[PDB]
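I have placed the structure first, in the form of structure tokens, so that the comments after it can refer back to it.
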Amino acid sequence: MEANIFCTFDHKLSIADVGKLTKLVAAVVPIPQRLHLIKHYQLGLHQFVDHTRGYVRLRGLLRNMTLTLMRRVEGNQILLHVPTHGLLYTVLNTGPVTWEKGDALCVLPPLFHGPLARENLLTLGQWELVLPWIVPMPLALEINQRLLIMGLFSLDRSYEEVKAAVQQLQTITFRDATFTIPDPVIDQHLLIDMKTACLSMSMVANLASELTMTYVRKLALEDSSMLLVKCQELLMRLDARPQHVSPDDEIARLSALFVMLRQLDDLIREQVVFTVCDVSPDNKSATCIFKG
Amino acid sequence: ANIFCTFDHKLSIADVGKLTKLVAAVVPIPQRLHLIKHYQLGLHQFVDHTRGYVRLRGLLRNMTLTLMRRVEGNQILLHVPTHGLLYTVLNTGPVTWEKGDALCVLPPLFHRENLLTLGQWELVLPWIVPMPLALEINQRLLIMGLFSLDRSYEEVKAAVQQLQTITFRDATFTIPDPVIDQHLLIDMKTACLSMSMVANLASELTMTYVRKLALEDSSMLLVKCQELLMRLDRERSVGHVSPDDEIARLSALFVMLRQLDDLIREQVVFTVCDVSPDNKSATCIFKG
Amino acid sequence: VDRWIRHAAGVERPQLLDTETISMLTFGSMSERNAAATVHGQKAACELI
Amino acid sequence: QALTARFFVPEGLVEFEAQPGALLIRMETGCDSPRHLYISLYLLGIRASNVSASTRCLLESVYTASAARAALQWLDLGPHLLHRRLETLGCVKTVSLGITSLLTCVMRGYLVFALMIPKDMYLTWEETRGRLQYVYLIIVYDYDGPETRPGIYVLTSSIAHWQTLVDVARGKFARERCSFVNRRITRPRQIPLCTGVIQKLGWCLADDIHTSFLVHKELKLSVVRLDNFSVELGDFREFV
């Protein structure tokens, strides 16, 4: 296997740039082709980033690519190391997001942040180095879910009604931080995802058993608690012995319901890339296991 | 690589003699550390009289798994596995194993041999189960949670009595009820009501969103889906929205399905290729 | 008329390009397959304006 | 390096599988004495709807042993579900023939170690040859007919991230998905699980793919071959 990747800079390496790059050692950068030797253009997302077109497209392009770690550099030579599944590695936090002990990580395209004054790395000519965001599971799942919600809600509505909802949706608060999705324009990829979501939602609506349909009504009649009060408050606009009980048919129907819900979940959950051990107290670096 | 654990309690001849027979079992720990107190070892710290089984399952999801093989004077030597190598595990599970099985971990449901008890604390190990049995047992326990509110009628009683037992490759079990003292635990309650809520919300939301999406390039999938919904509406019905309430509805549907991810995905952790009349023991490749 | 033109010249039926992600993964399609035999050298690409 | 494994299988199943490079599957059975039985990918071809008539005739001709026929009866007995009953072991290369045969399997390794696929079962979504390719085993369920006979394919693709592969599979298999919905509506008392199942086993260089013929008992089969192969098993993941 190509356990090492060499990249060569065509431009001259001034002392400031090489020192700055030396500070980035052991960070995470993606590489498209996995080929043994690669030019400096493909290192980073700058070749593919385009604010005019979908953030969904950039999300897909990022999730398709491969992940690598950084190594110390020398004259005109920068060394990249591909991780092997199951081993233990050291990574540095590229974004400002806080990291916590014992939760998974995901990779996502960069996000707008409070000051908007993002630091520029290795701006060699018209080319620039930009890193992907390594994000813990709740924030990444929340942002992907809310992007899908944007796509599903905004369709077939005028800009006026959409204007308040997008300002409510776009802002994400996560563990005392604030974030905003750069460019949530609808794209054909989002339409395919939405078509699959609609099919799965209708299927689970259909094949759900009677007990599952009537469960919350019976319990709301029976009990009363804050969770049930909230559920009824949600369903208020919409709002006996079962004549048939069949354990085997119920088992099969619930298995079908699980395959449907399993499919619907895959639309949201991005693939894990890292699982963490305990983190340095400065929130800048962590030691993690890599998964493929 | 190794992980150490030291008991603060005394150990007699019998205690260590009972412990040493677990020279190949699986023991989970909260997080990786060099030297941990024995109270952190095992699942006992999490069990209490109200918080149920699905919480144990979901918490064991993110818990790490370790292997043990040594007994020094008072320190227990743990052995973390690495994805790709092979290791020997001890069959703490109540089922027989077969070559080529896919293995999954479950919280202990019906735990006498494991009882290393000291200072009102007891060591308690998770179950090792083949994958189909694990998926089926979660399905069965969940539907048993569904029946929890209608448990007075005789038909429901007979159905849940039938549902209690599982049979699998010459072994037969009784899976204990999630209900205790005629009431249902909060954890199973929230899991069941979340699944019911996502089903219900999907039922109403599907019509509006299939109509809205079909305004774009309609396809055969959409029309047959809409026909299925029409059939459902026809058989059920025998006898506009506010935008903020709409967005709340979608958020509620996804947040309800989102917590269900803890139990639905039966992640595999072991695959085995060896067997002996020693069936207590087996050699496996680590996964997950 | 499209089919008739495809028959008139010795050209194959049209073929869709690869998508964005696959185009980024794979380095080229080489649609014109290698010829069976060639005594003379590399086929000189003659373009017409 | 390689993780060797060892199985026993009766002679009736072996004769066409006896060529060193083959792929093996484990099947559960409700019958108590044969609790498990071992089936190679070729034997799935006798029932796979994708396999052409001539190759199906050859497969019917070869696997005439009573034990193999009982295995196929157990396979066909399964109501509209096979992945609940099939489990993947991996690639094999060693065999000793006899009244009960012995063969070894590798579940993780890259130590000739060519993996063989029948020509009927092989497809690619892309004609451009990507330098790095993954290969997957997929099962697809047809639903437009009276009762569900399954489809079998082994495919190579340059896509690694799962959801992108599911997207392209949905794009190419839209007919099967519509057929699944049609099955759900037309027979409401029956509840199918999935349209298809993806399973991952592959790491190989694309320049080392070969086309070849194979012979047994002077009967001739056409096959496609992966030469410089490495095996990495995975979970049976269901898609719609």
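The chains in the structure tokens are called A, B, ... from first to last as shown; in each chain the residues are counted from 1, and the ligands are counted from 1 in the order shown.
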Contact residues around residue C:32 with only C-alpha atoms at 12 Å, ignoring same-chain residues under 6 positions, as a list in words: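 So the residues in contact are residues 11, 12, 43 and 45 of chain C; 128 of chain D.
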Write the residues of the preceding selection, restricted to C-alpha atoms, as a tab-separated table (two decimals), in the first residue's frame.
```tsv
chain	number	residue	atom	x	y	z
C	11	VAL	CA	-18.54	6.86	-35.24
C	12	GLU	CA	-19.98	5.08	-32.21
C	43	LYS	CA	-1.86	8.13	-35.66
C	45	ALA	CA	-4.33	13.73	-35.16
D	128	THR	CA	-13.07	4.78	-17.09
```
Give me the residues near residue D:142 as a tab-separated table (two decimals) with C-alpha atoms, in the first residue's frame, where near means some atom within 9 Å (using only C-alpha atoms) and where sequence neighbours in that chain fewer than 3 positions away do not count.
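And here's around_27.tsv as it stands now:
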```
chain	number	residue	atom	x	y	z
D	49	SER	CA	-31.64	-14.18	-12.07
D	145	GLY	CA	-42.87	-10.93	-11.04
D	147	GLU	CA	-42.59	-14.21	-6.50
D	148	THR	CA	-39.16	-12.81	-5.69
D	149	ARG	CA	-36.17	-14.45	-7.29
D	150	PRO	CA	-32.99	-12.61	-6.25
D	151	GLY	CA	-30.33	-10.91	-8.36
D	176	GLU	CA	-35.91	-2.32	-8.65
D	177	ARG	CA	-36.88	0.33	-6.09
D	179	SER	CA	-40.72	-2.70	-8.07
D	180	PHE	CA	-40.22	-2.90	-4.30
D	195	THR	CA	-34.46	-3.58	-2.22
```
Using only C-alpha atoms, select each residue of chain C with any atom at most 12 Å away from an atom of chain A, and give the selection as a list in words.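 Written out as asked, the residues are residues 19, 20, 21, 22, 23, 24, 25, 26 and 27 of chain C.
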Deliver the residues from the most recent selection as a file, using N, CA, C and O atoms, as a PDB file, in the first residue's frame.
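Listing of part.pdb after writing:
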```pdb
ATOM      1  N   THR C  19     -19.337  11.937 -13.767  1.00  0.00           N
ATOM      2  CA  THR C  19     -19.775  13.020 -12.903  1.00  0.00           C
ATOM      3  C   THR C  19     -18.576  13.721 -12.264  1.00  0.00           C
ATOM      4  O   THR C  19     -17.419  13.331 -12.446  1.00  0.00           O
ATOM      5  N   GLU C  20     -18.877  14.778 -11.504  1.00  0.00           N
ATOM      6  CA  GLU C  20     -17.834  15.612 -10.910  1.00  0.00           C
ATOM      7  C   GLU C  20     -16.902  14.799 -10.017  1.00  0.00           C
ATOM      8  O   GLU C  20     -15.675  14.832 -10.181  1.00  0.00           O
ATOM      9  N   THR C  21     -17.474  14.055  -9.066  1.00  0.00           N
ATOM     10  CA  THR C  21     -16.652  13.301  -8.123  1.00  0.00           C
ATOM     11  C   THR C  21     -15.831  12.231  -8.831  1.00  0.00           C
ATOM     12  O   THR C  21     -14.635  12.076  -8.559  1.00  0.00           O
ATOM     13  N   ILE C  22     -16.450  11.489  -9.751  1.00  0.00           N
ATOM     14  CA  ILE C  22     -15.716  10.452 -10.469  1.00  0.00           C
ATOM     15  C   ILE C  22     -14.653  11.068 -11.370  1.00  0.00           C
ATOM     16  O   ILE C  22     -13.559  10.509 -11.520  1.00  0.00           O
ATOM     17  N   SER C  23     -14.947  12.219 -11.981  1.00  0.00           N
ATOM     18  CA  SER C  23     -13.932  12.912 -12.768  1.00  0.00           C
ATOM     19  C   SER C  23     -12.753  13.337 -11.905  1.00  0.00           C
ATOM     20  O   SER C  23     -11.612  13.347 -12.380  1.00  0.00           O
ATOM     21  N   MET C  24     -13.006  13.699 -10.646  1.00  0.00           N
ATOM     22  CA  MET C  24     -11.906  14.056  -9.759  1.00  0.00           C
ATOM     23  C   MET C  24     -11.133  12.817  -9.314  1.00  0.00           C
ATOM     24  O   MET C  24      -9.915  12.879  -9.111  1.00  0.00           O
ATOM     25  N   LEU C  25     -11.822  11.680  -9.166  1.00  0.00           N
ATOM     26  CA  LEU C  25     -11.145  10.450  -8.756  1.00  0.00           C
ATOM     27  C   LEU C  25     -10.328   9.829  -9.885  1.00  0.00           C
ATOM     28  O   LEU C  25      -9.205   9.370  -9.650  1.00  0.00           O
ATOM     29  N   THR C  26     -10.862   9.803 -11.105  1.00  0.00           N
ATOM     30  CA  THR C  26     -10.241   9.090 -12.215  1.00  0.00           C
ATOM     31  C   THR C  26      -9.660  10.091 -13.203  1.00  0.00           C
ATOM     32  O   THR C  26     -10.254  11.143 -13.456  1.00  0.00           O
ATOM     33  N   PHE C  27      -8.497   9.754 -13.763  1.00  0.00           N
ATOM     34  CA  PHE C  27      -7.677  10.740 -14.456  1.00  0.00           C
ATOM     35  C   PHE C  27      -7.949  10.847 -15.953  1.00  0.00           C
ATOM     36  O   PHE C  27      -7.302  11.666 -16.614  1.00  0.00           O
TER      37      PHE C  27
END
```
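Interatomic distance, atom CA of residue B:28 to atom CA of residue A:255: 29.3 Å.
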With only C-alpha atoms as the atoms that count, which of D:129, D:200, D:85, D:80 lies nearest to chain B?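 Looking at the shortest contact to chain B, the residue is D:85.
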Residue A:25 environment, 10 Å, only C-alpha atoms, sequence neighbours closer than 2 positions dropped, as a VMD selection string: chain A and resid 20 to 23 27 to 28 69 to 73 78 to 80 91 to 92
Could you state the separation of atom CA of residue B:88 and atom CA of residue B:264 in Å, given to one decimal place?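 If I compute the distance from atom CA of residue B:88 to atom CA of residue B:264, I get 27.9 Å.
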Taking 5 positions as the minimum chain separation for residues in the same chain, which residues sit within 8 Å of residue B:141 when counting only C-alpha atoms? Answer as a VMD selection string. chain B and resid 175 177 to 178
